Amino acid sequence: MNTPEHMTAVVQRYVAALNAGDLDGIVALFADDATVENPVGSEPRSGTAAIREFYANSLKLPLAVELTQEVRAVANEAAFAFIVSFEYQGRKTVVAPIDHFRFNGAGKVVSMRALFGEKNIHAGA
């Protein structure tokens, strides 16, 4: 069972774990055979081990992530808009993706797809 509020709670927990750099808190939100496709059009990482290495490498740089709009949640699915900022040696970068989570009966995320492209990667001078 996945009510709109549980799915929203998971998204917030997710954003908070990213900010915290809590690698195990992120992975604990995924099902054992869950898939991650980040960004869309890339070979999908399947399972806990692959999911974990993916985030371990992403967390190499401290992230600052923010939800920019209400979470859309319906029928075991949720989609949200957010921003991920991080500096890279004087270079501040802001990525603006839209993620899509698919949940399972247990309330764990079974699929994650992060949709962003060159046009969503911003970052200054």
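A residue's number is simply how far along the shown sequence it sits, counting from 1.
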* Structure fact -> When mean C-alpha B-factors in the record are compared for 10 to 18 and 109 to 117, the larger belongs to 109 to 117
* Structure fact -> Entry B factor averaged over C-alpha atoms, 48 to 56 against 90 to 98: higher for 90 to 98
* **Given 68, 42, 35, 76, the residue at which the Cα B factor reaches its maximum** => 42
* Asked: residue 84's Cα B-factor: lowest, middle or highest third of the chain?
  -> middle
* Which third of the chain does residue 64 land in by C-alpha B-factor: lowest, middle or highest? -> middle
